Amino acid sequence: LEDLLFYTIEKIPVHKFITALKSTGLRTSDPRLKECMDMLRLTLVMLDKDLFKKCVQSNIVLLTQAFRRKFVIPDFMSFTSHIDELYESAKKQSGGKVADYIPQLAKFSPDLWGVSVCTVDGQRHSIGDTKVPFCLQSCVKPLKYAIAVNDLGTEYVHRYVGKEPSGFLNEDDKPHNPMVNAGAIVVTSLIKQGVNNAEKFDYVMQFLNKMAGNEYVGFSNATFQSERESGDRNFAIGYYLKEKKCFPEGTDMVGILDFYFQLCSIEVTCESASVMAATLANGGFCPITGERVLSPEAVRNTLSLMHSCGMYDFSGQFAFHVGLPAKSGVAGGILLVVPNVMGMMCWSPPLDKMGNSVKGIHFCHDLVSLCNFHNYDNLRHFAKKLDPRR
């Protein structure tokens, strides 16, 4: 196992192993690599059979699979080369306008652009401004919906909200889906019922942590305050939803919107969020931690509704061309999921008429032109498309 892996790389200089590992896409920071990385820390510049396996033994299974090219993208280093090329073609689109409707959204420089990819195997790549935290805004919708369905199951959740695109309420007298603001609001009321906004938020927060594999998650109070004061439309919705009895019994609405606004102000970076999208691409299992955050039905349902409802008015166009479930938000983030392969976060503040990141949208189209990630792309015949999984 370890021995086998040992030769694969009479004495192994650590830095040689480190690079070999970093080329598989895995990060030394990987939670699943801790024991091995610690063991390396302990020993620390060259390793031998007995010793190597001493460090590696604990993680050997994951290390073997990285080195013996069994990850979803066998050649990651090449794949990231294309990601960079794509990232840069999109960088060249300066159009669109940053949402100014609140000061926190206005602050952001138009030229912040980043793409963070995390596969279902935990292979990571980043380019651009990945580490800059920004608000999930509408990107939180699929996430909290996932939490909702995960906790309460599909049937309960959809007693309250619809399964399809509108085209305020539908014929059943419920919001059309969780991706619209009315739907999202209703969903917000389903999560952790009978508890105060503080604990509710803590719960959701801890849940987003699991999804991120404990990568950066935060809260913008500045954004929250601005969301609250300027939230007149959301209030109009709340009051309508209340009058239509769309909420669970014993719901304090004004609280649900307070809660709702908070979720929208939850902060992420491209990195942290790409892992969240990976958890969705991995069937509920966080790729880096390996823990099961969400139930498959919750993930399935979410991926469905990001497909149909995800892009706002660009959803149909998006689904037809990109053919991938994705979530957009006013922050300029696009949470993009390629099922069974990877997930990613694209962030640029400038948005188009539809309200989606211009660069992100551009990048998504490009990404799918290049590789066959399109839902209806065929695995055996994809014509001239590049397949990163081979």
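From 1 onward, residues are counted along the sequence shown.
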Coordinates lacking for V45, a third or more of other entries: yes
Unresolved deposited residues lying between neighbours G167 and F168: 4 to 9
Deposited-sequence gap flanked by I9 and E10: 4 to 9
Entry-level comparison of average CA B-factors, 366 to 374 and 13 to 21, reporting the higher stretch: 13 to 21
Stretch exceeding the other in mean C-alpha B-factor - 224 to 232, 151 to 159: 224 to 232
Candidate residues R27, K359, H321, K34, the one whose C-alpha B factor the record puts highest: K34
C-alpha B-factor winner, where the candidates are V217, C264, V275, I102: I102
Chain third (lowest, middle, highest) by recorded CA B-factor, residue given as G183: lowest
CA B-factor placement of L143, once the chain's modelled residues are sorted into thirds: lowest
Within-chain third of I256 by Cα B-factor, per the entry: middle
For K242, the third of its chain into which the C-alpha B factor falls: middle
Chain third (lowest, middle, highest) by recorded CA B-factor, residue given as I60: highest
